[PDB]
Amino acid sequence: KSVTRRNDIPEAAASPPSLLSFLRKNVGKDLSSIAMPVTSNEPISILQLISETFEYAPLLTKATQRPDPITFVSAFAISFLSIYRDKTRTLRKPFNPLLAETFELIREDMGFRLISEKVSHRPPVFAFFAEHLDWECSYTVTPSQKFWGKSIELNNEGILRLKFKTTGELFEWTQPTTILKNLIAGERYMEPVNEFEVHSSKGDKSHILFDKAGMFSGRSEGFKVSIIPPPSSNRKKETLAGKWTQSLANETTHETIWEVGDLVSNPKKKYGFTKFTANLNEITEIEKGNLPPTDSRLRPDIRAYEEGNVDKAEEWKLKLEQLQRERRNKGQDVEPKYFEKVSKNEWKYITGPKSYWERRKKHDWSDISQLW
């Protein structure tokens, strides 16, 4: 089957405040814990933002059908950076999810479904489990940030664990470090820095290096990928090259491996959102009447903000934060329901009759409290 998606969002209803303005007043605790006006946000939650990691999920499906899978897994690993191609996207940040807030994403068109939940508040920890007939991916992540004096370093702490359900081959990697520049003056923007590697359980390794730029060459957009197969294997060494803002190709054959999709119309007025981003917070026939009380699509502050009702969005943002603080101080914080902690910095999807997907089949949410 299929569903018609909006592929668009209302234009931003307010001008973007300056992040630096808040950094100077909160010298110490960074962003995630700082009381920010709703105007500093974009209309999605962090769970929805991280779900964009799967915008190009078909690359994973293609990987399970190719002899050199790490080439496509590498493309997939780098692809998420493309959401920042329109610098407008770097002006605001997603809403901080509430503890126990969830976000499901079923994309029949790409053959996968994803479920996510905020499993810890201090520090923030988000758990993700994406499944396709031929692959699945787990991720326990904690976003982090540290200003270097003029620029801020952004990182997602946690290993993305991909598993081919066809062969069992595993791939792992930590998302690359990115930097937010021009916080003082000019047009703010983000760019990846340093390098990172993707590792296969079969020995293969991929080394991704981003071009260095920090004084003239403008925003760094290019990168190179060196594929190194293990010895005694029939796979050979290969190199890939491209720009995370546009495409990636095999340097030897010049064959295109990945290309960016579309942004919404007039993106400068719509947070620089991709069509995929614009579709994250939409309730379609897929979700209607099937969501637990905790889905990000049900948050009133995000919804009001999306629809341009700023004053109401601010009031709701404060209200949700206040309700959570009250629950917390009483020692009555809500416990996550769909993931279980297996170790330090590692959560795992709970299977069984009370799993998210099993509950969804029968609207079994009677034991799920209303966070707002």
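Quick note: we count residues from 1 along the sequence shown, nothing fancier.
- Higher mean CA temperature factor between 283-291 and 211-219: 211-219, per the PDB entry.
- The question of which stretch, 257-265 or 100-108, has the higher mean Cα B factor is settled in favour of 257-265.
- Of all the options 87, 235, 297, 118, the entry's greatest CA B-factor is assigned to 235.
- When the C-alpha B-factors of 345, 61, 45, 53 are read from the PDB record, the largest value belongs to 345.
- Among all modelled residues in its chain, residue 182 ranks in the highest third by Cα B-factor.
- Residue-level temperature factors show residue 368 in the middle third of its chain, judged at the C-alpha atom.
- Sort the chain's modelled residues by C-alpha temperature factor and residue 319 lands in the middle third, per the entry.
- Residue 275 sits in the lowest third of its chain by CA B factor, as recorded in the PDB entry.
- When the CA B factors of the chain's modelled residues are split into thirds, the value for residue 76 lands in the lowest one.
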